[PDB]
Structure formats: structure tokens, C-alpha cells
K.L.:
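Questions regarding the structure given below will be posed in turn.
The analysis underlying the following values was restricted to heavy atoms, covering all of them including side chains, and did not include hydrogens, waters or symmetry mates. Indexing begins at 1, ligand by ligand and atom by atom, following the structure's order. The first residue of the sequence shown is numbered 1, and numbering continues consecutively from there.
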Amino acid sequence: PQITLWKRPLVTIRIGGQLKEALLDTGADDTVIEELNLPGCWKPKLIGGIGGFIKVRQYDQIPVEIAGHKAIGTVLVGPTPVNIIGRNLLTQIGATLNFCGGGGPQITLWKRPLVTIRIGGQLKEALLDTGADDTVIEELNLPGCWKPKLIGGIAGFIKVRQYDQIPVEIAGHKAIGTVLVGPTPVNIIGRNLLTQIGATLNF
Ligand SMILES: CCCC[C@@H](CN[C@@H](CCCC)C(=O)N[C@@H](CCC(N)=O)C(=O)N[C@@H](CCCNC(N)=[NH2+])C(N)=O)NC(=O)[C@@H](NC(=O)[C@@H](NC(C)=O)[C@@H](C)O)[C@@H](C)CC
């Protein structure tokens, strides 16, 4: 299908014979599911995101049906806030990111979807993250007024400064909206700005 980003891109998946809800997440390298039992052996791993790391169980070669499309690959199981389908499985089902509903660039998900943005008169690299509600940019001395906010990622919450009505040009496409500034490991463009540029998931 084609999926717009005004709402979280939640879909039903089937895994181990059970149905679950999960977020299609272009900003995730891997697929991470809440605690459950899976057939087969697993091994311990750590994965990270905002706020640091969690311990997970890695299962390899697990069949997963994602909105009716078949994948077989690695599933990490542990205390993730949200079930997420990451690039390891999105690539198996042929998912791409498309600007302006496919009139604009197509971004495949073989590697992290990093693009150039312009914000506050600076050029920066940022990850297009369909699993992010909001846009989070690394500490940057923006002039002007802000309000405090906390935002939560795989390893916890971080404190950020919320700035409103900030222009952000994304690969040449002009957007304007709320930007959160704080200590993220990667600059993140979230749905609040992806929607303004007509970005869709397609598979
Ligand atoms: C779990 C919560 C939902 C998914 C998550 C995906 N964000 C990416 C951002 C990239 C890192 C800052 C992420 O955590 N990615 C991980 C997912 C875990 C995974 N293993 O795939 C990742 O790829 N981690 C890499 C590390 C990044 C560097 N890797 C690399 N360069 N190859 C990894 N392998 O450990 N979204 C978020 O973290 C966002 N959270 C949200 O959108 C919502 N919050 C919550 C708690 O649901 C909203 C209510 O605030 C943050 C950014 C605030 C807007």
C-alpha cells in the first residue's frame, strides 16, 4: 500500500502465530518487539536510541507477516516502548520513502535515510524517521523563546527545548514547524515535518 504520516504508521503483524501492532520505523535499523516468547534459540544483545541502551534477545530467521507481506529475519525482543518494524524487515517487503507522494526523491532503506536539511541558516544531516512524532535536532544555539519538554526514545527520556514556527528545508523542500533541541545522537526529522513535504511510505 501507500501510507501517509498524519497518524503513526501502525500496522498489524503476525509473528509466532500471534497478532501484534507495530510502528513502521525508517529510523530503526532493527525490528524490536515487546516481551513475548518465540520459538528457537535467542542470544543477548544491547540496542540503543534516545537516552541510551536496553538489553534484548536476538532471534534470527523469524517469519513475520507485515500487513500481509512476508518477511523472514531478525527480531529483537525486549522492553521497547513501542513495537517497531525496522529497516531489516522494511527492505524485505520493498518499503521505500517517497517525497511528494512519489513525484520527489525515492529513498530506499538499505542504509539509514540520511539527508541534508537547512535550519537556522545551517546545513545539517538528519535521519528521516517515520517512527518519530517530532523533529529533534542536536544542540544548536537557536536564538529566541522556547518551552521545556521531555521526549522519549528507546533508552528513556531526554529533556529538550521546544521552539515553534522554525523553518526547516529538507532536501530542498520547505517546511515550518516545531523543532526540539537537545542531546540526540542523530538529528531526526519526524512526522510533524515529513507530512508537510508529502512524504509517504510505499510497498
Ligand atoms: C521506541 C520509540 C518509537 C521509535 C523511535 C525510533 N527512533 C529512532 C531514532 C534514531 C536514534 C536516535 C531509534 O530509536 N532508532 C533505533 C531503534 C533500535 C534499533 N535497534 O533499531 C536504532 O536504529 N538504533 C540503532 C542506533 C542508532 C545508530 N545506528 C547506526 N548509525 N547504524 C541501533 N542499532 O541500536 N522513536 C523515537 O525514539 C521518538 N519517540 C516518539 O516518537 C514517541 N515516544 C515514545 C516513547 O513512543 C513520541 C510519543 O514522543 C523520539 C525521537 C522523539 C520524537
K.L.:
Given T26, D30, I50, identify the one with the heavy atom nearest to atom 19 (C) of ligand 1.
P.N.:
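Looking at heavy atoms only, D30 sits closest to atom 19 (C) of ligand 1.
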K.L.:
Can you sort out which atoms of ligand 1 are near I47, meaning under 4.0 Å from one of its heavy atoms?
P.N.:
20 (N), 35 (O)
K.L.:
Between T135 and ligand 1, find which residue part has any heavy-atom pair under 4.0 Å and reply side chain, backbone, both or neither.
P.N.:
neither
K.L.:
Taking only heavy atoms of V82 into account, list the atoms of ligand 1 that are under 4.0 Å away from them.
P.N.:
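Taking each heavy atom of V82 in turn, ligand 1 has 47 (O) under 4.0 Å.
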K.L.:
Measure from atom 3 (C) of ligand 1 to every heavy atom in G131, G48, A28 and give the option owning the shortest one.
P.N.:
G131
K.L.:
Heavy-atom count around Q2 CD within 6.0 Å, excluding the residue itself: above 12?
P.N.:
yes
K.L.:
How close do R191 and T130 get, counting heavy atoms only, and between which atoms?
P.N.:
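Nearest pair, atom of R191 first, then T130: CD-O, 3.6 Å.
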K.L.:
Evaluate side chain to side chain contact (heavy atoms under 4.5 Å, CB included) for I158 paired with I151, printing each intermediate quantity in order.
P.N.:
CA-CA 6 Å; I158 59 168; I151 56 166; 3.8 Å; yes
K.L.:
Compute the shortest N/O to N/O distance between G152 and ligand 1 and return yes if it is under 3.5 Å, no if not.
P.N.:
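N/O-N/O distance under 3.5 Å: yes.
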K.L.:
Within the structure, does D133 bring an N/O atom to less than 3.5 angstrom of an N/O atom in ligand 1?
P.N.:
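In this structure, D133 places an N or O atom under 3.5 Å from an N or O of ligand 1.
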K.L.:
Taking non-hydrogen atoms only, is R8 closer than 4.0 angstrom to ligand 1 via side chain, backbone, both or neither?
P.N.:
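Contact part for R8 vs ligand 1: side chain (C-beta onward).
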K.L.:
Output yes when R112 and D29 qualify as a salt bridge under the 4.0 Å nitrogen-oxygen rule, no when they do not.
P.N.:
no
K.L.:
Check the pair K124 / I137 against side chain to side chain contact (heavy atoms under 4.5 Å, CB included), numbers first and verdict last.
P.N.:
CA-CA 9 Å; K124 297 190 165 288; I137 302 298; 4.1 Å; yes
K.L.:
Which pairs with one or both residues in residues 67-76 pass side chain to side chain donor-acceptor pair (under 3.5 Å), sequence neighbours excluded?
P.N.:
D60-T74
K.L.:
Which value, rounded to the nearest 0.5 Å, describes the distance between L97 atom CG and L128 atom CG?
P.N.:
6.0 Å
K.L.:
Can you name the residues that form a side chain to side chain donor-acceptor pair (under 3.5 Å) with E65, not counting sequence neighbours?
P.N.:
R14
K.L.:
Report yes or no: does a heavy atom of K45 sit under 4.0 Å from some atom of ligand 1?
P.N.:
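Not so, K45 does not reach ligand 1.
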K.L.:
With a cut-off of 4.0 Å, which atoms of ligand 1 are near a heavy atom of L127?
P.N.:
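Numbered from 1, ligand 1 contributes 10 (C).
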K.L.:
Record the part of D129 in heavy-atom contact with ligand 1 below 4.0 Å; permitted values are side chain, backbone, both and neither.
P.N.:
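For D129, only side-chain atoms sit under 4.0 Å from ligand 1.
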K.L.:
Which option, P185, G153, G86, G156, owns the non-hydrogen atom nearest atom 12 (C) of ligand 1?
P.N.:
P185
